[PDB]
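# Structural overview for review
As a plain string of letters, each chain reads:
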Amino acid sequence: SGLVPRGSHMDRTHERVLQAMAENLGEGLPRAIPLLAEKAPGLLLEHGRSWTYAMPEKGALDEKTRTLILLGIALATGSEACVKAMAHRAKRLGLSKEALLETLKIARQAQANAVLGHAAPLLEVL
Amino acid sequence: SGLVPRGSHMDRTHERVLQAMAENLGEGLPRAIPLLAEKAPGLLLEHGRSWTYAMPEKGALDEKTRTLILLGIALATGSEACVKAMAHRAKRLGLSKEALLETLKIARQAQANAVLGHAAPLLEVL
Amino acid sequence: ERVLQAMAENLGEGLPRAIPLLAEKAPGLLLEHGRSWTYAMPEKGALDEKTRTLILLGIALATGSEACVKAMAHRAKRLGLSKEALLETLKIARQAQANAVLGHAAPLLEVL
Amino acid sequence: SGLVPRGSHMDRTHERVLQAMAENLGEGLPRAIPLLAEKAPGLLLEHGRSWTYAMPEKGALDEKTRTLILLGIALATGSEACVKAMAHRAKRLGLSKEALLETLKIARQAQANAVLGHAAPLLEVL
Amino acid sequence: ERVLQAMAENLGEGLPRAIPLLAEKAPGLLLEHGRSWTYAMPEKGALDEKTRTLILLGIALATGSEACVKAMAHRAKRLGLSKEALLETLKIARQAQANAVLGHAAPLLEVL
Amino acid sequence: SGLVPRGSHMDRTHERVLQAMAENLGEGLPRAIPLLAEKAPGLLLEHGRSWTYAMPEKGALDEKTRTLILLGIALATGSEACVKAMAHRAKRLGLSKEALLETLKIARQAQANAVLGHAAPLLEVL
């Protein structure tokens, strides 16, 4: 159920990793992925290895949760490629519209929250 | 189970909102919260209203998931106040060490992912 | 120097810890800092010092620059900016950050 | 006059908020807004409510100052959708070329200022 | 102008869309841009143009500045920087962003 | 020599990675590192593995260049822990005051550069 297949980063070609991402992200596959396959295939496999290290096939959180965390982060940090990728990832996993919209509301709240958290020095002088 | 009580942002004093946050965040309560209570209580209630709008008491995601999304975002954006607040929030909810550590690994992966997503213009010229 | 004195002048307790260090170890950089500041915000320019300060304050809050938030907060108080104006600036920075998340949401909304 | 009508968040539908934003932002309207109107009207209404809470009619700052603060933040944070929206808002409000260019210079200076603000640990060892 | 020509010179297809616009509508800002750049990176300074370019490239990637990533990428290719050096710079920027998350994790780790 | 020993990620415990980081970073060691060693050794080992993957012994760039790139990124992103760590790393490697100050000037210029890079939409309407 992971983004890339069991042990795919251990392959002797970048093909399995690339195929799984194209397959699981569809139109949301970042433009940089095919470019890595072509110009830095080792870095693409390292990308897959690192992804799996963080999110093992049978880990602490389910795929829904992992995807929504990644989606929230992408939105809060303004990573267009990651927002598109996780939105499509979520669609293919069949995550619900209500869950995706709540994630969006949460990312929006988080950014607002951070401003207040950074406001102490200002509040102190009022 | 929410961060602030049912309809607390509708109160005629900021006290319920403040108490619930101090209670639910403990030592992780951001320094700016008490300052808001003192100097801009209306903004503190607006903070609580907005929090509840994004995460209704019976919403699309459970409190564990909401907290981990907020935690991931805080870590990825470097909001020290939000990282401390969500870490304590998670502790009080009894979230597992394995779930928190996986969230940390995910936030770390997300930031690495974003760099690759921003790398297309560079990869294109190699 | 006078670039250092003037800054300690209008910032007080909000003077960034890095400013004295620059004066001590990289005076040329402290002068360049003063020069670029004046280029961006000249005397008798397009905006008054109040608006300039509120814009810098808004940005500092939105970007999480602890040193600039404190510095612009003290600067604002020295200029006599009202509590209402400073709190409105904080609400605006808070909304700007929320606004940017919605601005980045098109790719997600498209798939719903 | 504000970006959206006061109390429009209490409207039966999101129509009034959408029309006001389209009119005031023109070609600068973020593509996300029409999508919210279509798929998450409640969030578009909350967007309007939150906007008017921060910037009420006859508040502490005039629309020119509010717009330049938002534009400065947009440039400093690299929010493309906000830069475009506030530039069009500014144009429609009739803000001067000189004021807008000074805002750009200030946002640029702010980002440079922050780097020096974060330099204490480095200068410390020099 | 020559500040504009020189930039189109060493950046080519990677010249930011904003540079010609500045030349057209805010020439004074384009000159200031050129002046501050030279102040930060003078001829015969502390670092060679290769290192300077890789540092700017690393930063652009880490901060998500699309215009600077493209601009520094083209600049690097014009200077003849090797593919290995540019890919190593990308891996480094990627690691720096990962490093910063761990750097911000103390408050979380403390509660485990 | 690199921040940590090559292949140390395969060590039975995190001890070697921890000792090398403490020695090479000194007082600049982030407080998170000892905590990882105590509570999430696997992540400290992966941190070392990922570090050496990006920066292998005898790679394309020398340690001076690698350190200044990391320092520049740290300053530009406001990562306090990284600024302190790379400043101490630089000092221990014996990097010149002039090189470090030029890196600070470059990071400052980079942040200013980015604002202009994001200004097209605004300049467009001027």
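Residues numbered from 1 in each chain as written, not as in the entry; some residues may be left out. Chains lettered and ligands numbered in written order. Heavy atoms only, no water.

In terms of determination method and resolution, the entry is listed under X-ray crystallography at 1.90 Å.

## A few points about the interface of chain B and chain A
At the interface, 50 residues of chain B touch 50 residues of chain A. Buried area between chain B and chain A, both sides added, is near 4,500 Å², and the carbon and sulfur share of it is 69%. Ionic pairing is found between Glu124(A) and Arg31(B), a salt bridge with its closest N-O pair at 2.5 Å. Linking chain B with chain A are 18 residue pairs in polar contact, by the criterion used here. Elements represented by at least two residues in the side of chain B that touches chain A include exactly α2 (32-39), α3 (41-54), α4 (63-77), α5 (80-93), α6 (97-117) and α7 (120-123) of chain B. For the side of chain B that touches chain A, the element with the most residues is α6(B), which contributes 14 residues. Per-class residue counts for the side of chain B that touches chain A are 29 nonpolar, 13 polar and 8 charged. (Contact = heavy atoms within 4.5 Å. Buried area = accessible area lost by both parts, 1.4 Å probe. Salt bridge = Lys/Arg side-chain N within 4 Å of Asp/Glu carboxyl O. Polar contact = N/O pair within 3.5 Å; in protein donor to acceptor, adjacent residues only side chain to side chain. Helix = DSSP H or I, 4+ residues; strand = E, 2+ residues; numbered from the N terminus. Nonpolar A, V, L, I, M, F, W, Y, C, P; charged D, E, K, R; others polar.)

## Description of α3(B)
One full turn of an α-helix is made of 3.6 residues, so residues set three or four places apart face in the same direction. Residues and elements named next belong to chain B. Here α3 is 14 residues long and its end C-alpha atoms lie 20 Å apart, about the 20 Å a rise of 1.5 Å per residue gives. Burial runs high along α3: 10 of the 14 residues are buried. Of all the residues in α3, the buried ones are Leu-43, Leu-44, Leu-45, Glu-46, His-47, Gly-48, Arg-49, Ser-50, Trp-51 and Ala-54. (Expected span 1.5 Å × (residues − 1). Buried < 20%, exposed > 50% of the residue type's maximum accessible area, 1.4 Å probe, protein only.)

## Looking at the relation of the copies chain B and chain A
Once chain B has been moved 0.0 Å along the axis and rotated by 180°, it coincides with chain A to within an RMSD of 0.0 Å. Put plainly, the chains are arranged around a two-fold axis. With an isologous cut-off of 70% or more, the 100% of interface residues of chain B that recur at the interface of chain A puts this contact in the isologous class. (Least-squares fit on C-alpha atoms.)

## Things to note about the UniProt feature "domain: Carboxymuconolactone decarboxylase-like" (unreviewed entry) in chain C
According to UniProt, the "domain: Carboxymuconolactone decarboxylase-like" (unreviewed entry) feature falls on residues 41-109 of chain C. The distance from the first to the last C-alpha atom of residues 41-109 of chain C is 40 Å, and the span holds 78% helix and 0% strand. (UniProt positions renumbered as here; feature names shortened; annotations may be inferred.)

## Notes on the side chain of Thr89(E)
Residue placement: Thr89(E) occurs in helix α6 (residues 83-103). With relative accessibility at 0%, the residue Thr89(E) sits in the buried group. Engagement of the side chain of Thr89(E) in a polar contact is seen with the backbone oxygen of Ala85(E), the distance being 2.8 Å. Excluding residues within four positions of it along the chain, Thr89(E) makes contact with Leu54(E), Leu57(E), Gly58(E), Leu61(F) and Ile69(F).

## Notes on the UniProt feature "domain: Carboxymuconolactone decarboxylase-like" (unreviewed entry) in chain A
UniProt marks residues 55-123 of chain A with the feature "domain: Carboxymuconolactone decarboxylase-like" (unreviewed entry), using the numbering shown here. Taken as a whole, residues 55-123 of chain A contains 78% helix and 0% strand, while its terminal C-alpha atoms sit 40 Å from one another.

## Here we look at the pattern of salt bridges
Tallying each qualifying case throughout the model produces 36 salt bridges over all chains. Put simply, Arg49(B) and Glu46(B) hold a salt bridge, and the shortest N to O gap is 2.9 Å. Taken as a pair, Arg49(B) and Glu46(B) lie in helix α3 at a separation of 3 residues, close to a single helical turn. We note that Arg49(B), like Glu46(B), is buried. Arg66(B) is the salt-bridge partner of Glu63(B), the closest N and O atoms lying 2.7 Å from each other. One end of the pair, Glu63(B), and the other, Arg66(B), are both in helix α4, 3 residues apart, so they sit about a helical turn from each other. Residue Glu63(B) is classed as buried on the basis of its relative accessible area, which comes to 15%. Taken together, the salt bridges that share partners define one network made up of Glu63(A), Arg66(A), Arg89(A) and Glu102(B).

## Details of the interface of chain D and chain A
Counting from both sides, the interface comprises 7 residues of chain D and, opposite them, 6 residues of chain A. Both sides together, the interface formed by chain D and chain A hides about 450 Å², and carbon and sulfur atoms give 60% of it. Between chain D and chain A we count 0 salt bridges in total. Run the count over chain D and chain A and you get 2 residue pairs in polar contact. For the side of chain D that touches chain A, the element with the highest residue contribution is helix α3 (residues 41-54) of chain D, accounting for 4 residues.

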